[PDB]
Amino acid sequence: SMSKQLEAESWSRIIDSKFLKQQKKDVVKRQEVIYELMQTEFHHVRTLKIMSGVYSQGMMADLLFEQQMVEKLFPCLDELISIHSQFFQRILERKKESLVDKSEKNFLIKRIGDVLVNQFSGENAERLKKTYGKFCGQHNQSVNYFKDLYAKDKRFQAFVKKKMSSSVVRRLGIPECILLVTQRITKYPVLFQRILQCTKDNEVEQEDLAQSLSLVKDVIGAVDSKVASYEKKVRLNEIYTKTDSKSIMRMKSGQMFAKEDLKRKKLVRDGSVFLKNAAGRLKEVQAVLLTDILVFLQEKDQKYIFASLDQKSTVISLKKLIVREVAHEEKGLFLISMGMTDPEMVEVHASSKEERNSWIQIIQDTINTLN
């Protein structure tokens, strides 16, 4: 079995001593890196399978967790198992066809680049983006859910202690498994890059490897961005619930805006600022820029309310909104709703001139994107 063979700490130890002696240093080095990819992929699959076969299965059977509770700890686990089982088997296939003579021990992989380009392009890439985007995007919630269950659910705690006691190693407790999975994807560029630089005179392999290196970075870049989307969604939900059903704001159109309108909006940026009314008093408020609308909220009685400012709409469509600096006031900024017969102007004051400028740029960017 390969699982038994993969106990070998290095390529130089999995092959015969006689066969090792016949190879150049730079060959040994290159095979050592490929073996490491292969063996750490093996380890990763095993980790996923512990999450599924030990933890998930036990939670469902012993604690009567439904499928959907396990998804709060281990989202997309089945799909991850499918992706990496298949990737790993493709690596084994190439290994098997790289054996030397009738030996089933000694192998020498001349070419791995094509296997990598395939796994990290087309539909395989999209699957990786979608799956890691969701898993990493929910990573902190997943761990937080574990911690709350462990701290407060007596049965869950007892269950976890029993698993740690006998079934699985310390390295693979539940949050540790989650972090192992989240960290896997960013291991690939380092490994691929080292294989490339260890590949000295094979242009098609060098070219493939180069390609796979860039492609995996694109996958990671998209995953990282998707995590930013989840940070924004989770943050918007913090605000939405903090707002209480009580508060309402009329928009320039006449449309009444309320707490439930804040979902399912998409948040761009939020932060504390000050509104300046016509009397010139500064009112502490959360600027909440959404993709289509700008909202201002006062924190009163430990809950958010739609801010009041001289009977003006503080729920503002970005459609025909114009953004200007306040002349001779570096921390200030004007918002003019040109889509009315009496365009309402709203003056807002930041913590600094730097923060004032950044608020103007992102609002302008958000307006430009919208139209």
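Don't overthink the numbering: it's just position in the shown sequence, from 1.
- Comparing 28 to 36 with 334 to 342, the stretch with the higher mean C-alpha B-factor in the PDB entry is 334 to 342.
- According to the PDB record, 237 to 245 carries the higher mean C-alpha B-factor of the two stretches 150 to 158 and 237 to 245.
- When the C-alpha B-factors of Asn106, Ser272, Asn277, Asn124 are ranked from the entry, the top spot goes to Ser272.
- Per the deposited coordinates, the residue with the largest Cα temperature factor out of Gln298, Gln119, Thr186, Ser142 is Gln298.
- When the modelled residues of the chain are ordered by their C-alpha B factor, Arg264 lands in the highest third.
- The deposited CA B-factor of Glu284 belongs to the highest third of values across its chain.
- Ranked by Cα temperature factor within the chain, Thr47 sits in the lowest third according to the deposited record.
- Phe192 sits in the lowest third of its chain by CA B factor, as recorded in the PDB entry.
- Annotation for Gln138: C-alpha temperature factor in the lowest third relative to the rest of the modelled chain, per the entry.
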